[PDB]
Structures are given as C-alpha cells and as structure tokens.
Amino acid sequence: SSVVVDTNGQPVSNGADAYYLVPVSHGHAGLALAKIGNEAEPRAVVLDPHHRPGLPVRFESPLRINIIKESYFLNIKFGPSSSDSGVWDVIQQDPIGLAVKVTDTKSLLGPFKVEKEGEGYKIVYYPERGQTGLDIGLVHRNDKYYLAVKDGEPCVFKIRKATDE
C-alpha cells in the first residue's frame, strides 16, 4: 500500500532516477565510501562531513512497476542503472560490526526496505529476506559515520531527487 515519496511529495522511481539520502539529524554529512581499517579499497558506506550532498542512490525492485513501496525488497546502489559495481550489502568488520559495504554482485531481490520513521525514512536490512528487519544506523569513527546494523537506533533520511544534475 505505502508509496515512498521524495522531498517534493512525488513517488520514488524504481531504478530510473537517483536520489540523495539526506540525514535529518546529520545534514552536514553526505553518503560516501571509506575504509574501516587497513583493507586495500574503500567499500564501506559512510556519512562524511567533507562530502555534500554525497553519492546519490537508486532503489531497484525486479517488479515491473515504476514506483517503490515500503513493503518492497530493494537493492540500493550507487552509480547508473547500467552498472552493478556499487550495490549495497552487509559484511561483518570489527570494530564497526555489521557494516553496509558496496559489492559488484547483485541478487534479483535485494535485502533492504525503506520504511517510514519520524520525519522521513529508515533503511531496514532483512538477512536472508526473512520476516525480521534490522535498522541501519550510524557508528561514529575516524570523523565519519559508518552505516551499520544498529537495531532500534535507525538513521532517519529524507529522499531528494537528484534532478539538479
């Protein structure tokens, strides 16, 4: 039933448009990639104060509808519709915990949902597409906020269409 809307009240599109996730309480920071520790490449998704407005995302469902509802399982990804190299997934890495990280592989059905919360929306991670969702929140480290499973402490976002491009 529940259609996800952008900051202009329009329905969020299935894959066709990109959107900024604008944190309601961390608006000084934008989505970016970073290392957690000593890994060779920056693949952890963070809110970084030095990047505004940050990397926009696309929400993707295999359903042949042109809008997104809160009940749909989604892939979330950086980059164009054509590329699958910025696809979000969740990977254990100390000391963050279950961190949101980009991969270059994509399942048909992604593990995320976008659900209403306070002024906006949270991202919820459903391991193995089960019935129980885990809130994505923030772990502060190295002057960045790492997106990570933090159940009960969701990061709240508003969704701004990136037509400015």
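Heads up, when I say rigid core I mean the largest set of C-alphas that superpose within 1.5 Å between the two forms. The numbering used is simple: start at 1 and walk along the sequence shown.
Taking the root mean square of CA deviations in 4 other deposited structures of this protein after fitting on the rigid core, 94-102 and 32-40 differ, and the farther of the two is 32-40.
Farther from the shown form on average, by C-alpha root mean square after a core fit in 4 other deposited structures of this protein, is 137-145, of the stretches 153-161 and 137-145.
Here the stretch with the larger average CA B-factor, out of 91-99 and 78-86, is 78-86. Relative to one another, 3-11 and 156-164 have unequal mean CA B-factors, and 156-164 is the one with the higher figure.
Taking only the listed residues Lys122, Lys69, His50, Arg58, the entry reports the highest CA temperature factor at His50. Which of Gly37, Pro62, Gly118, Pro111 has the largest Cα B-factor in the deposited entry comes down to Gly118. In the deposited entry, the Cα temperature factor of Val24 sits in the top third of values across the chain's modelled residues. Ranked against the other modelled residues of its chain, the C-alpha B-factor of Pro42 as given in the entry falls in the middle third. In the PDB entry, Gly133 places in the highest third of its chain by CA B-factor.
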